[PDB]
Amino acid sequence: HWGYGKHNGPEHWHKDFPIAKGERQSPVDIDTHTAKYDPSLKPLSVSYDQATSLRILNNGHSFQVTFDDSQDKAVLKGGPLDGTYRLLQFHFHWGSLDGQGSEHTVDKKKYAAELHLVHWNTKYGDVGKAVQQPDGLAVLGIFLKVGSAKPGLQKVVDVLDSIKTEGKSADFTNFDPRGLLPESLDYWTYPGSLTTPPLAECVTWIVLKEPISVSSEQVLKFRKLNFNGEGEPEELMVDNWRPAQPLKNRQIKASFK
Ligand SMILES: CC(C)C(=O)Nc1nnc(S(N)(=O)=O)s1
Ligand SMILES: [Zn+2]
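Just so you know, we're using my numbering here: the sequence shown kicks off at -11 and counts up by one.
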């Protein structure tokens, strides 16, 4: 199975998922001086007031919080998007040390972690259909740097001990993802892909310029998770990030000057 190790990591994924070498792969380095301000871009509309979180799960490659996506409860619209995108789940990518962990980079800078809020276009009816469409998904990416704690992240951090190994899940109701968002919704956007297999080229990426700060204690709890299932040799879930991929024939647009 694919993973992040020497023998099954990102450099191997193309063998099972040949689109890994495709024309719109993610993540990418965001060269801030080359991204063009696009005044036609609209402000992002993040409507999370009615979000219904359901469960938190260790899937062997990250941990994810899943939401009820059977109704327009927590939706993303505006920005570069046409139509309405329902929040399905969020998860993180992080490093073994604070100097790596993000998937996107900014002028080659790596952040300690990156949060992905994954949404799918309601015109396609379900996420499985959406993944087969070039505009099927919108992933809101938020960088994490280490400094002050993020209070809205603590409820997530405190339950991670109950999902240490692959396959574990827990009830995770009444979590408000608005507590994970930075002040500014200034963003970069570009057409890309899922960053884990199957690497489908179905995503409009919306990457916020402003990171959130999390504390060393919060990220250290991420690093206690395990890639392995219970009973297997313990392998810390760290460095679950795909490196930046070739930009190829793509322009990154900025919502801000
Ligand atoms: C629910 C399912 C289709 C899903 O969300 N799959 C993802 N695969 N990579 C993602 S990422 N790291 O680009 O946000 S999301
Ligand atoms: Zn992700």
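Backbone N, C-alpha and C define an ideal beta-carbon position, used for all residues, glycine too.
Note down the Cα distance separating residue i from residue j, rounded to an integer number of angstroms.
i, j, result
"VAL195", "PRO122", "18 Å"
"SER181", "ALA188", "5 Å"
"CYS190", "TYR112", "12 Å"
"residue 285", "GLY219", "Because the chain here runs from -11 to 245, residue 285 falls outside it and cannot be looked at."
"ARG238", "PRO179", "7 Å"
"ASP17", "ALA100", "15 Å"
"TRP193", "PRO68", "9 Å"
"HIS0", "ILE151", "27 Å"
"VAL147", "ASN(-4)", "29 Å"
"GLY(-7)", "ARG230", "11 Å"
"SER28", "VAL134", "34 Å"
"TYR25", "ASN162", "37 Å"
"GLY(-9)", "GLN59", "33 Å"
"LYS245", "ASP174", "9 Å"
"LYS30", "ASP70", "11 Å"
"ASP149", "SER35", "30 Å"
"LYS97", "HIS(-11)", "30 Å"
"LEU213", "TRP82", "11 Å"
"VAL202", "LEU208", "10 Å"
"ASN228", "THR153", "14 Å"
"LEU168", "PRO6", "34 Å"
Confirm, please, whether the CB-CB distance from residue j to residue i is below 8 Å.
i, j, result
"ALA232", "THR93", "yes"
"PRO199", "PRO170", "yes"
"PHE215", "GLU223", "yes"
"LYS61", "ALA39", "yes"
"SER41", "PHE55", "yes"
"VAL115", "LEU75", "no"
"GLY89", "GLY155", "no"
"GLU102", "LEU132", "yes"
"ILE240", "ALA8", "no"
"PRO185", "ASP4", "yes"
"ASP37", "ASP95", "no"
With which residues is residue i paired in a DSSP beta bridge?
i, result
"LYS65", "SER33"
"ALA158", "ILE44"
"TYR25", "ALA242"
"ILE130", "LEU103"
"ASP17", "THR93"
"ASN214", "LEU224"
"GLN52", "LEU45 and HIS79"
"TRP(-10)", "None; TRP(-10) has no bridge partner."
"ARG74", "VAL63 and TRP108"
"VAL191", "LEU125 and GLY180"
"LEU196", "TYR175"
"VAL202", "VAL134"
Using a Cβ-Cβ cut-off of 8 Å (strictly less than) and excluding sequence neighbours within five positions of residue i, which residues of its own chain qualify?
i, result
"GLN206", "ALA137, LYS138, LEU141, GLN142 and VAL145"
"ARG43", "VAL53, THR54, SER157, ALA158, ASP159 and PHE160"
"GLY10", "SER181, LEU187 and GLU189"
"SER204", "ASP86 and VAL134"
"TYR73", "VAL63, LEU64, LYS65, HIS107, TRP108, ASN109, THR110, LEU125 and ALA126"
"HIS2", "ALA8 and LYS9"
Within the same chain, show all residues whose beta-carbon is closer than 7 Å to that of residue i, passing over the 5 residues directly before and after it, in chain order.
i, result
"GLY124", "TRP108, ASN109, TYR112, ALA118 and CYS190"
"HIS79", "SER50, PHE51, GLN52 and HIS104"
"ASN47", "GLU154"
Please work out which residues of its chain come closer than 6 Å, Cβ to Cβ, to residue i, disregarding the five sequence neighbours upstream and downstream, and give them in chain order.
i, result
"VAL226", "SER84 and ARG211"
"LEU235", "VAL16"
"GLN13", "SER181 and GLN233"
"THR183", "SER14, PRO15, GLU91 and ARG230"
"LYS197", "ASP174"
"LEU45", "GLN52 and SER157"
Report the start-end ranges of each beta strand (DSSP E) in the stretch 87 to 125 that is 3 residues or longer and not cut off at the edges. 101 to 109
Counting only runs of 4+ residues fully inside the stretch 135 to 189, write out the alpha helix (DSSP H) ranges in chain order. 142 to 145
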